[PDB]
Amino acid sequence: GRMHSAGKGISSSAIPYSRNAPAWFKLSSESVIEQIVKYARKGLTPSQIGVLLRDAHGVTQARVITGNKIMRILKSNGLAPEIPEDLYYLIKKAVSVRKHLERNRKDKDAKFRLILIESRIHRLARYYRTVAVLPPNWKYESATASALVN
Amino acid sequence: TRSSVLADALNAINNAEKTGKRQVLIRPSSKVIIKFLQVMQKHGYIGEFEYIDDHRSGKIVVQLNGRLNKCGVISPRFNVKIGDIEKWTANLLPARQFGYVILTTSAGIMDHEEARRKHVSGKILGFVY
Amino acid sequence: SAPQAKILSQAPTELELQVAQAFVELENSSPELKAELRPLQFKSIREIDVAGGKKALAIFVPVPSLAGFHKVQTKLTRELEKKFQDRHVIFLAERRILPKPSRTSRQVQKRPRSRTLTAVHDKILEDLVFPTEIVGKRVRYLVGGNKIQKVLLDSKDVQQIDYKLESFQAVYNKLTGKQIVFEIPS
Amino acid sequence: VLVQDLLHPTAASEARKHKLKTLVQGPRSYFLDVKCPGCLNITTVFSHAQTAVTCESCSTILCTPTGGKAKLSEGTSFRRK
Amino acid sequence: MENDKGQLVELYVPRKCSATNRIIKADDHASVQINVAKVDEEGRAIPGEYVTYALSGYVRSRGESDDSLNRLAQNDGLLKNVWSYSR
RNA sequence: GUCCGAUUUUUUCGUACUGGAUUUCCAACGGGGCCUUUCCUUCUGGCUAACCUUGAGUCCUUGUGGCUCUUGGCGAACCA
Ligand SMILES: [Mg+2]
Ligand SMILES: [Mg+2]
Ligand SMILES: [Zn+2]
């Protein structure tokens, strides 16, 4: 079930049994890879890239048809962001709520939620520490965080 | 969260014989499940079974046939000094004449009749009767 | 030089050279059926009895190639199953299997998953049918004690292997020790 | 019930179960080839598109995202592959 | 249950359900036994000769008793096109 | 074959002990080996290919070094 709520929802993407395919694609990896980096230079995150590739350019998912997961492509092209997209959107949120928490100090439901988000961040970050994608310390700090988004 | 798998397996199998069901889906599939299932089959407590390839961890369909009383798992997988294989058999098997506790020796997964004979031992896995 | 034995990659043998000249024969169709056929070479070939009055020829491809033999295949096998009648022809990339790391059978610098018994035997079965993808798969564990794998073949373009299915099994069996069975939609 | 081929459930019952809960899980969405009647271009969209997909140019509109299947614009062609 | 010298001990070997192969207890007074008549050349049910079944208390109490018979019928060929393996 | 109470109760009618080897006359069971892409990793020993090399020779529709003897270097592989 959920991590920070009583939810037991299963709304998940079911991936099709087809490490290759589709018989109607026919565009060659090199031309789709050319397309991933084209959007990555224009400032786009892997998630919302595959969103657009799946919707407009046919490509079912880039892990097949290119044999490589979208972020690794950016990596290899030297377009990997500083902190993982995972965290950024966490940190961003926490940064937001914290601002709203200041003009509104009686918002006890906001304060509570803030704790939640920053718990996710740290638990996340503690992992990215463990697999060498964040330098051994790093740490999410309340004060400096607003600098990591903008 | 999902923690034993072999347990959720044996549970399902047991809970089916209990309701007179002649077949159960199993999920997810583990090697340790399969080796276990083999050990049961070779004494006839289950029938044939069939793995399924979801591009993931597996499924299994097992044919039951009555005559299974209880397949169970012992968790945690205790270390059994070979001289103590007696003591588990005396604890959780119905009669001296029959039944099987099955383990996990470095010589492979097997029943205790067999570990007895190869004179090996190790960590208990569970039981069948 | 010579268009004969160079299209091989070993000093022997009979059957291979026979195919090799059966290769250059088809290489005499320069515009395409040559430009796309000169880079394509192979390693060696095995013979194996099938259940019918025919036999099976296993042509082993280096691997980084393979994708090349795949751009033809339809043509090649067909033209190969013309010249060598009473034969079933299939291309199987020779893949190196590395043993499972042990305190005994140890090797440093890991061991890619694609260099393993399971992944390789799983590749062979995919190569065996080449066109038409594999839709599903089962492994019947039998009441008596042994397993049988049920490969589930597509609906599309099946016509290229309907007749060789009885032959594929024999190939797989001498290659591995396991045993194959086929099926389609139900 | 009591005895039943689980390996071979009926295609009509199998298409009734939930996306994930079919014998081997699989997707239910599809893709389209879509064009607007004044242009020979052949834009290829996804059924549950979350993007307001345009044609090759001509600042038009093909589909609009929703809570499930996207709504293709007004007058347009589509074949499902 | 045999004995020392292969001699048959144990005073009664119970029936077993035809649909779950589970023992029919001595007091399973829901347990049933249906004798089905076998025929000859057109009609004329041969007397004293049956195709016979046995269902457990449990199965019958579950309401699975009927459906078990249909699968058990066709199997010994008593029905055609009734019971379906797939559902 | 012989030690031993010999059982239903009639005669040449039927019970704890030992020996049994190699069998195709079946079975089960364990021990040690190999082959199948698999003894790898390290080290020492073995025999040595190929490789270079000194020196004396020979072939060629081409210096193409082919090929053979020979001087001392280097120890793939394979075996232990
Ligand atoms: Mg859940
Ligand atoms: Mg929690
Ligand atoms: Zn358009």
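Report follows, based on the coordinates.

Procedures and definitions
Summary of conventions: residues on each chain are numbered from 1 in written sequence order, possibly unlike the entry numbering, and any residue without coordinates is omitted from what is shown. The naming scheme follows written order: chains are lettered A onward, ligands numbered 1 onward. What is displayed is a subset of a larger assembly, so the values quoted cover only the displayed chains. In computing side-chain values, all of the structure's heavy atoms are included and hydrogens and water are not. Should DSSP find at least two bridges between two strands, the strands are regarded as paired. Runs of E in the DSSP output that reach at least two residues are strands. Runs of H or I that reach at least four are helices, and both are numbered from the N terminus. Only the stretch in contact is used when a helix axis is fitted, and all axes are lines through C-alpha atoms; the angle between N-to-C directions ranges over 0 to 180 degrees. Roughly parallel covers angles under 35 degrees, roughly antiparallel covers those over 145, roughly perpendicular covers 65 to 115, and oblique covers all other angles. Note on convention: near helix rotated counterclockwise from far helix by under a right angle means a left-handed crossing. Clockwise means right-handed. Note on definitions: a residue-residue contact is assigned when non-hydrogen atoms from the two residues lie within 4.5 Å. When residues are grouped by polarity, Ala, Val, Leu, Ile, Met, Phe, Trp, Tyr, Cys and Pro land in nonpolar, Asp, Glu, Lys and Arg in charged, and all others, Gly among them, in polar. Think of it in three bands: residues with accessible area under 20% of the maximum for their type are buried, residues over 50% are exposed, and the middle band is partly exposed, with areas taken using a 1.4 Å probe on protein chains only.

Below, the discussion takes up the sheet that holds strand β3 (residues 87–93) of chain C. Backbone hydrogen bonds hold the strands of a sheet together, and the pairing may be parallel or antiparallel. Residue and element names in this part refer to chain C. One open sheet accounts for three strands, arranged β1-β2-β3; its pairing is mixed. Each having just a single partner strand, β1 (44–49) and β3 make up the two edges of the open sheet. Averaged over all pairs of adjacent strands, the angle between strand axes in this sheet comes to 25°, irrespective of strand direction. Relative to strand β2 (residues 55–61), β1 is paired through six bridges, and the arrangement is antiparallel.

Residues and elements named next belong to chain C. Following both chains from N to C, one finds helix α4 (residues 117–128) and helix α5 (residues 165–176) inclined at 160°, their axes separated by 11 Å at the closest point. In terms of axis orientation, α4 runs roughly antiparallel to α5. Note on packing geometry: the crossing formed by α4 with α5 is right-handed. Residues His121, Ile124, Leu125 and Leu128 of α4 form the contact with α5, whose participating residues are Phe168, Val171, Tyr172, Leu175 and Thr176. Per-class residue counts for the contact of α4 with α5 are seven nonpolar, two polar and no charged.

This part takes up the pairing of strand β6 (residues 100–105) of chain B. Residue and element names in this part refer to chain B. Among the six residues that make up β6, five are buried, leaving the element largely enclosed by the rest of the structure. Where β6 lies against strand β8 (residues 122–128), six bridges are found, and the strand directions are antiparallel. Directly across from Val101, in β8, lies its bridge partner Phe127. With four bridges connecting them, β6 and strand β7 (residues 108–111) associate as antiparallel partners. Bridge pairing in β7 places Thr104 opposite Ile109. What sits between β6 and β7 in their antiparallel hairpin is a turn of two residues.

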